[PDB]
Amino acid sequence: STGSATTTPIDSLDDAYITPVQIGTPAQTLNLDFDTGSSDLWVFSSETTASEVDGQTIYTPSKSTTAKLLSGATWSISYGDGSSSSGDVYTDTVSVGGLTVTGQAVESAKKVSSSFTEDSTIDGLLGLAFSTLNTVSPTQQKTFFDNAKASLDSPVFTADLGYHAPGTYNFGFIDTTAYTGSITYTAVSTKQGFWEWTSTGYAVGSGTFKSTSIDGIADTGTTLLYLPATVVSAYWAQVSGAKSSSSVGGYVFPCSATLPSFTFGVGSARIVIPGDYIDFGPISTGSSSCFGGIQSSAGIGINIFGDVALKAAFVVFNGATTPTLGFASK
């Protein structure tokens, strides 16, 4: 089997991407944030504290003839950005782009943090990291991909995120029309439950490539590119007037600037992030200070190849017995 679904930016900055997901019978379609940095499929629901729902579409398990309470199961998750959610668990039929999993754990939120409430466009998350990170207790549950894997034509999914435009998540096949040149594959460590890999270096603009190992995670659920402070300083030094602002919470730059590109290495291959991908716009409405899309990972404890990086590539998440990651230009 295969599936193919379009993923759409939630706003004009590509702050996140939503993908429609069918849950239950008859289908209830929710727009979920596909997150290769976590491993829970959780949704706003009829069980979510009413004051914490503000415009989201909810899953109502009582209206699904295939929903079953997973007795005794609870979940609770905290994300790298400080947000969180928790609740109980149903199993139900879940379909993405024509690919159907029966008995998928659907984690129903009883509580969500303010960041989730305030974002009316995201109805939940669909985790695509390794199932070892799944938070369901006392019986850990599998991701949608893990459940689908054996049925897929090939045990893979691909992320093709757009810049200020829709893109695609495919399951079970590689669309050879969706990228240019070849896909370069690189080793993955699953030790921390992430799609963790090592970039071979970087360049800023038309500058020389610096060969240096940068361990990090391919994370579709993180907006920005978080790299070591040395790398980030080298980038922003090429933008007149750019500075790290403790008050704002990262590097800012004059909105009048033209940003240089940023290149990262994948083996001997190179992925180029155009400068415009690194612009996250005014820090507040009407400001001439703009927020940068490359930020320091210092104090995160891990480097994160988030959407800023991934949207410059066609990315293969290869879930074979020994997982790997592939990157192609597009």
# chains A, B, ... in the order shown; residues from 1 in each chain; ligands from 1

$ residues_around --residues "residue 182 of chain A" --least-positions-apart "3" --cutoff "9 Å" --atoms "only C-alpha atoms" --output "count of residues only"
4

$ residues_around --residues "residue 317 of chain A" --least-positions-apart "3" --cutoff "9 Å" --atoms "only C-alpha atoms" --output "number ranges by chain"
A: 155-159, 195, 323-326

$ closest_residue --among "A:39, A:25, A:186, A:256" --to "residue 66 of chain A" --atoms "only C-alpha atoms"
A:25

$ select_by_dssp --residues "segment 177-316 of chain A" --states "strand (DSSP E or B)" --output "count of residues only"
61

$ residues_around --residues "segment 197-202 of chain A" --least-positions-apart "3" --cutoff "12 Å" --atoms "only C-alpha atoms" --output "VMD selection string"
chain A and resid 184 to 194 205 to 219 227 to 228 230 to 232 234 to 235 261 to 273 302 to 305 309 317 323 to 327
